[PDB]
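**Q** One structure coming up, written as structure tokens, with questions to follow.
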Amino acid sequence: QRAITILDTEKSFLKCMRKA
Amino acid sequence: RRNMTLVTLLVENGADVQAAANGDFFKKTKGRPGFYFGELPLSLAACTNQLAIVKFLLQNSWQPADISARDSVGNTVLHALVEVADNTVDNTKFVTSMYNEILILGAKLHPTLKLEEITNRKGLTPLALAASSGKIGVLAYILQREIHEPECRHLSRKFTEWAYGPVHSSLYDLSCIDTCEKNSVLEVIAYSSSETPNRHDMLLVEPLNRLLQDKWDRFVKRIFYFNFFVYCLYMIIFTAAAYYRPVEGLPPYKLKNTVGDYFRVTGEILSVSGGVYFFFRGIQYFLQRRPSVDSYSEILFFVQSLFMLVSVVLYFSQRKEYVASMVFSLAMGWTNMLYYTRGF
Amino acid sequence: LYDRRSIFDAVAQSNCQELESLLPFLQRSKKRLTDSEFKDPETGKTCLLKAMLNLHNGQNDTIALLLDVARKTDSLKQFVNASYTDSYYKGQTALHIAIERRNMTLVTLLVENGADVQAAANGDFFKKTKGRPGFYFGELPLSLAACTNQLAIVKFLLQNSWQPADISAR
Amino acid sequence: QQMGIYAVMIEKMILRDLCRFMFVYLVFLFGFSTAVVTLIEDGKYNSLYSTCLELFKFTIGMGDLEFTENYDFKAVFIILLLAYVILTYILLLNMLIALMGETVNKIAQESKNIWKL
Amino acid sequence: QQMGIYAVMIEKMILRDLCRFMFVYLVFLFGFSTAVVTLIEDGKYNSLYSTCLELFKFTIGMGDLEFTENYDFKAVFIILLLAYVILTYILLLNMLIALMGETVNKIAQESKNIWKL
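Note that the protein sequences, when read in sequence, are chains Z, X, U, V and E.
In this text, residue positions in the first sequence follow the authors' numbering: the first is 700, and each later residue adds one.
Numbered according to the authors' numbering, the second sequence spans residues 211 to 502, 508 to 559.
In this text, residue positions in the third sequence follow the authors' numbering: the first is 111, and each later residue adds one.
Numbered according to the authors' numbering, the fourth sequence spans residues 560 to 603, 627 to 699.
Numbered according to the authors' numbering, the fifth sequence spans residues 560 to 603, 627 to 699.
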């Protein structure tokens, strides 16, 4: 649930520089 | 009937081998049955754990079997083995090997075919098909694996860099957190309609604990607690207004006098403005998973906001009742603090 | 002629042949193999610790012939005892590796040729996990040895000749 | 070795159960209490303190049910309060007790040699 | 066979549970009771026997909450007294039941052949 709050809060944060 | 020989006769004798079987008996079960190994005889063969005759069909001469013929649901063979793992220790044992096997062989014959890319009609990669179906052990596997061999590394996922005496290190690929393009494994196990009890455990160890532990350390814990205390002051300001509302019946109508008046009508707009926020965030949720209780906590923010909003419209119809609405929304919000724990 | 890269490759594939004319080379220019030049300058790592990251089957005979050159320039004792100077594998010497690679033989030879056996490893790798890791056996090649459950080499390092390992070294 | 056990259980429900619980309880009280004072106009049941207490009784069990004839706007005080009573007496505490009988299970027995310490 | 269980249960709960419990109970009642008599001045609320019975109401769950107006210093009675009620009805007894139901578990079954005896 930490992960659902994670997988979204980047999807809803403009797809930005993070390890990828 | 599992027979290397008559199989060998028919194919020496010109059996056709891209021949589909697509009666309802092969697609999902009416219940007719049933069952689904995905149609294509090689998919039938590897999926029937006949390592020798999936080898025969592919090394043979009269027609080596084509390896990328996606079947009628677009499942390739690797798509078919993953539809057939059932998380029994021995079922994982042979399918994880039969799958290890087709890819080591696709590397031998046709190294150009990137084959764990081949999507079914629904766009999934075979991994994204395992993980969207809680096949925890093939998912422990496609992510964990490294074949060591010549031409191995084109095959492999997760390479080990230094073993000191007590330990190992590793470098994992990863396609998944960064397949933001199409269907990330995490996007797929993170929805997580989780109606297969097989889903939740499978956010666990191989490439993905250590990584979502690591997103959360780096940027998104930090963003979360900002995203949290902004709701708290939304909640205090929305108390603060509701709590210093008037009695004068028919409200407002208008307000100017001096200072508290100024500070409050700011708190009344700052509240509905966060109401329409959630109503708006919540339709966008409802629309990205247009359609799907998978997400209880997705709901009650929306229900609150719709109470911010059937308040706001009633404040303007000049119904005296609007408070009854806004009092529920306020009881709801303080209760909606509860979710933002997930997980301390 | 030879440069660092020329032995650190040559050892990597267990080629004792690309080091044959090495014995008469480091007689001419009087260049040696413990030099800053023939160790990787940062991992304190030498054509021996490059033999020790590139053990093949826990053996090699570039180790016999290299160390035998390093005896011939008498680079030897420092040659066998440079330890990682980056923070990460820090103060880890070839005996630390040969013990970490479970090997009575390169152990008994390096400490014959005079490896140091109180070569401290003290990176954050050896102290507690940041997470680095890790791990903590406590540094000294014997505490490594006993800590890696190797009852014979611990008997060796203490009951040997060239320097019996001291037991009370904190 | 018969009473030293009961010493511990009160000390451990008070450390664990309360802090893990007293915050998921002050949101259901503070937010309904706030909901009531806005909704109702008077009685020593608007002062926010006097309401957070009056709402606390129900959850003890000391509930005065429907105490007040005073409101404009018809039924919605009783739903708001029943919603809290089915939600707060009937539904939270059984979780708080059920966690405590969840301590009292295990801290009764392998707790034991802790007295010797 | 079937009735002789309800007679051992009442019997074992009164000997074990009460003795281990009636001491760790009289030290919360005697203590706060002596405190509310010191703090409070009167009402048949100051005679200690009448207090230790009134405060006993709460645990057994006949609590009247705020039954009196007579106290200098306002709330240091209600917080002392809530401190007891959250401490004694909501915390101790669930421990006491949870002991008992922890027995209604075990003295149900391997108890049985003691009816043979």
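Virtual Cβ for every residue (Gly too), placed ideally from N, Cα, C.
#1: By how many angstroms is the C-alpha of E:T650 removed from the C-alpha of E:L664?
#2: State whether the segment 566-573 of chain E contacts the segment 629-647 of chain E, with contact taken as three or more CB pairs (one from each stretch) at a distance under 8 Å.
#3: Near V:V567, which residues of its chain fall below 8 Å by C-beta distance, leaving aside the five closest residues on each side in sequence?
#4: Could you give the residue range of the alpha helix (DSSP H) that holds E:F587?
#5: Could you check how far apart the C-beta atoms of X:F488 and X:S520 are, in whole angstroms? I think they sit under 8 Å.
#6: Counting only Cβ pairs nearer than 7 Å, list the residues of chain X close to V:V586.
#7: So who's on the other strand from U:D150, going by DSSP bridges?
#8: Grouping DSSP H, G and I as helix and E and B as strand, with all else coil, what is X:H410?
#9: What residues in the segment 364-393 of chain X bring their beta carbon closer than 7 Å to a beta carbon of chain U?
#10: Compute the beta-carbon to beta-carbon distance between U:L250 and U:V221, rounded to the nearest angstrom, for a pair I have assumed lies under 8 Å.
#11: How would you list, in chain order, the residues of chain V whose beta-carbon sits under 7 Å from the beta-carbon of E:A680?
#12: Rounded to the nearest angstrom, what separates X:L553 and X:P376 at their Cα positions?
#13: Can you tell me which of the three DSSP states X:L381 falls into?
#14: Could you tell me the alpha carbon to alpha carbon distance between V:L678 and V:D576, rounded to whole angstroms?
#15: Starting from V:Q560, find everything on chain E with Cβ-Cβ shorter than 8 Å and list it in chain order.
#16: Which bits of chain X does Z:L713 rub up against, with CB to CB less than 9 Å?
#17: Would U:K160 and U:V190 qualify as a contact pair, given that the criterion is a beta-carbon distance under 8 Å?
#18: In the DSSP output, which residue or residues are listed as bridge partners for U:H166?
#19: Counting only Cβ-Cβ distances shorter than 8 Å, please list the residues of the segment 656-681 of chain E near chain V, keeping chain order.
#20: So V:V567 contacts chain X; which residues on that side make the cut at Cβ distance below 9 Å?
#21: For V:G643, which residues in chain E fall below 8 Å Cβ to Cβ?
#22: Nearest-angstrom Cα distance between X:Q533 and E:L669?
#23: Please report whether the beta-carbon of X:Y453 lies at a distance below 8 Å from any beta-carbon of chain V.
#24: If we cut at 8 Å on Cβ distances, does V:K639 have a partner in chain E?
#25: V:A690 touches chain E at which residues, Cβ-Cβ below 8 Å?
#26: Could you tell me the alpha carbon to alpha carbon distance between U:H206 and U:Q228, rounded to whole angstroms?
#27: Residues bridged to residue 560 of chain X by DSSP?
#28: For E:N652, count neighbouring C-beta atoms within 10 Å of its own C-beta (all shown protein chains included) and say buried if the count is 16 or more, exposed if not.
#29: To which residues of the same chain is U:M162 closer than 8 Å at the C-beta, ignoring the five residues directly before and after it?
#30: Specify the secondary structure class of X:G248 as computed by DSSP and reduced to three states.
#31: With DSSP run on the structure shown, which of helix, strand or coil describes U:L143?
#32: May I ask you to verify whether the segment 407-417 of chain X touches the segment 426-440 of chain X, counting CB pairs closer than 8 Å and requiring at least 3?
#33: Tell me, please, whether the CB atom of X:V542 is closer than 8 Å to any CB atom in chain V?
#34: Could you say if the segment 232-252 of chain U and the segment 387-403 of chain X meet the contact criterion of at least three C-beta pairs nearer than 8 Å?
#35: Taking contact to mean at least 3 C-beta pairs separated by less than 8 Å, is the segment 541-552 of chain X in contact with the segment 120-136 of chain U?
#36: Quick one: is U:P134 near chain X, going by C-beta distance under 8 Å?
**A** Let's see:
#1: 15 Å
#2: no
#3: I689, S693, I696
#4: 577-598
#5: 4 Å
#6: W549, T550, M552, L553
#7: U:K155
#8: helix
#9: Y374, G375, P376, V377
#10: That belief does not hold up - the Cβ atoms of U:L250 and U:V221 are roughly 14 Å apart, past 8 Å.
#11: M682, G683, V686
#12: 43 Å
#13: strand
#14: 7 Å
#15: What V:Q560 touches in chain E: nothing, since even the nearest Cβ is about 11 Å away.
#16: Simply none; closest approach about 11 Å.
#17: no
#18: U:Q169
#19: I660, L664, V667, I668, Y671, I672, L673, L674, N676, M677, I679, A680, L681
#20: What V:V567 touches in chain X: nothing, since even the nearest Cβ is about 25 Å away.
#21: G643, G645, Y671
#22: 48 Å
#23: yes
#24: yes
#25: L681, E684
#26: 10 Å
#27: In the structure displayed, chain X extends from 211 to 559; residue 560 of chain X sits before or after that span and is not available.
#28: exposed
#29: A204, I207, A208, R211, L216
#30: coil
#31: coil
#32: no
#33: yes
#34: no
#35: no
#36: no
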